[PDB]
Each structure stands twice: as structure tokens, then as C-alpha cells.
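Peer 1: Got a structure here, written out as C-alpha cells. Questions coming.
Coordinate-derived values only; no laboratory data. Ideal geometry is used to build each Cβ from the backbone, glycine not excepted, and the neighbour counts take in all protein chains shown.
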């Protein structure tokens, strides 16, 4: 209602309407992060076991 | 890009340098030993061992065994001198 001789509000409306799907989100943190984490818990359990037996000794 | 992992890397890291070196020394020094005064082995009587467990014991080891030995030596020497002189 503020603009009277807009001549552009339809164009920008359509441009935003066609722009909201910018691209597909990556969400693919499962190729090097997963391997790092797997190694993480594996040798972390190893270290927990060794420090535990060292404490008992 | 992974962060450092101190408590996750302890397999190769030991307690300084000297403590891990002396850990092996101290772990087995207290393992295979008598608990408290086991195996006194006080009993012994083989003339020499009889002296060991009778007068030559280290609990006192005073001059009394020495005086007794001197008395025996002079007693034998009296007869030896009677034979000779």
C-alpha cells in the first residue's frame, strides 16, 4: 500500500518465490567425521582399559 | 581437522621419564618377598653351626664367645707346653 507506481513489486515477489529453494543442504558429515569418531571410541576404550589396569597395578 | 586427544593418546605417553623407568623396578621388588619374618632358619647344630646358633649369634655377639675361645685355646696350650716344655 505504501508504493503506488510500484512496477517492481511483482518482479521481486516472483524472484523471492523462485529463490527460497537455494540448493540442497549438505548434511553429509558422515565420511571423515564418522571414521574419526570410530577411531576415537576404539582407542579411547583401549586407553581406558590400560589406565585402569595401571591404576590397579 | 581433528582436535588433539590427550586422554585418548596415553598408550604411548607414560608418567614422565623416570617414573616409568622405576615402575618396573618397584613393581617386582615387593612381589616375591617374605611377608613378615618368614623362614627364620634359626635352628642349626653342626659344631660350626652349633656355635652359630649358640654363641656366635648376631643378637649379642659380645666378647663372651671370644673369652671362651681364649680359655679353650689356653687350656689346650697348657697340655701342649707340658708335652713340649
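Peer 1: Within region B:40-70, work out how many residues are loosely packed, with under 10 Cβ neighbours inside 10 Å, within 17 Å of the chain's Cα centre (by Cα) and on the phi > 0 side of the Ramachandran plot.
Peer 2: Residues in region B:40-70 being loosely packed, with under 10 Cβ neighbours inside 10 Å, within 17 Å of the chain's Cα centre (by Cα) and on the phi > 0 side of the Ramachandran plot: 1 in total.
Peer 1: Still on this structure, I have one more. For a quick check of your reading of the model, give me the residue pairs whose first member lies in region A:20-39 and is closer than 16 Å to residue B:3 by Cβ, whose second is surrounded by 10 or more Cβ atoms within 10 Å (Cβ to Cβ), with beta-carbon atoms closer than 6 Å and at least 6 apart or on different chains.
Peer 2: What qualifies is A:36/B:2.
Peer 1: Tell me, please, whether a residue that is within 9 Å of chain B (Cβ to nearest Cβ) and either under 16 Å from the mean Cα position of the chain (by Cα) or surrounded by 10 or more Cβ atoms within 10 Å (Cβ to Cβ) (or both) can be found in region A:10-29.
Peer 2: no
Peer 1: Please give the number of the condition residue B:82 fails out of (1) assigned to a helix (DSSP H, G or I); (2) under 16 Å from the mean Cα position of the chain (by Cα).
Peer 2: (2)
Peer 1: Oh, and also: Consider region B:1-28. How many of its residues are part of a helix (DSSP H, G or I) and either within 12 Å of chain A (Cβ to nearest Cβ) or surrounded by 10 or more Cβ atoms within 10 Å (Cβ to Cβ) (or both)?
Peer 2: 9
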